[PDB]
Each structure stands twice: as C-alpha cells, then as structure tokens.
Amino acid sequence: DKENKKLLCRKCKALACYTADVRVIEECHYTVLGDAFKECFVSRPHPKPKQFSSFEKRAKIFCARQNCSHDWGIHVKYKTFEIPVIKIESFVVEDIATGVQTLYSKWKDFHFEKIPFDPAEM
C-alpha cells in the first residue's frame, strides 16, 4: 500500500508521525519533517557518539511519554541540519483507511511512498 499510514509507539501506541512526512536519506535512513513530531520524542546526549557516512550521531531519542521512554532511534547532524533518525522496529504501522496494523522489523519490508529527503523543504 502506498496509502498514507500512521506510526504508533510500539510500546504505548501513542501517535508519532505519518508516512506523508517521512523522508529518506541515502535510500537507507529515515527522518520525519515538521515540528509536531519534535514534541513526540525526547533526546539525551548519546552515551557513545560516533561519525559514520554522512551523519554525526549526537543523541538517542525516546518516546516523550515519561511512562514509556521507548527507544525510537538517534538524533544526528546531517549536512547543515540536526534531524532525528528512526527505526521501524519501535513502531506499529497503522493503515488510516482500514486500521490494519503491521509490525515491521526492517524498513526494507515496509513498502510505502518513499519521498527522498529534500533540503529545500527545510
């Protein structure tokens, strides 16, 4: 399905983002656009920051719900931007039209409309 879909925290089922705001960096990593998502996660300086490829691993990000704090991914410095990078294993994908939920472990198995990251959008 290329239809729009929701991402919920796999632990607490809180809404995180929608597939329409997802951008793909280097056909491998996934980020979310908009400020509404920044409220849904909290970050902490990474216990072991690293530089790889085109990223600066600076922080870990977690579900903002203090009762949850589920690991969602990392926060990196990419080019001139500081953006979050998420892993799908921390989320449940819900089809908006039908409500069907899907548990992915790797992004290669989630087939949705993947918009390439565009710097001009930010």
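C-alpha atoms forming the largest set that superposes within 1.5 Å between two forms make up the rigid core. Note that residue numbering begins at 1 and tracks the sequence as displayed.
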query: Segment of greater CA departure in 4 other deposited structures of this protein, 82-90 or 51-59, core superposed; finding: 51-59
query: Of 92-100 and 68-76, which departs more from this form in 4 other deposited structures of this protein by CA RMS after core fitting; finding: 92-100
query: 20-28 or 102-110, whichever carries the higher mean Cα B-factor; finding: 20-28
query: 77-85 set against 93-101, stretch whose average Cα temperature factor tops the other in the entry; finding: 77-85
query: Chain third (lowest, middle, highest) by recorded CA B-factor, residue given as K50; finding: highest
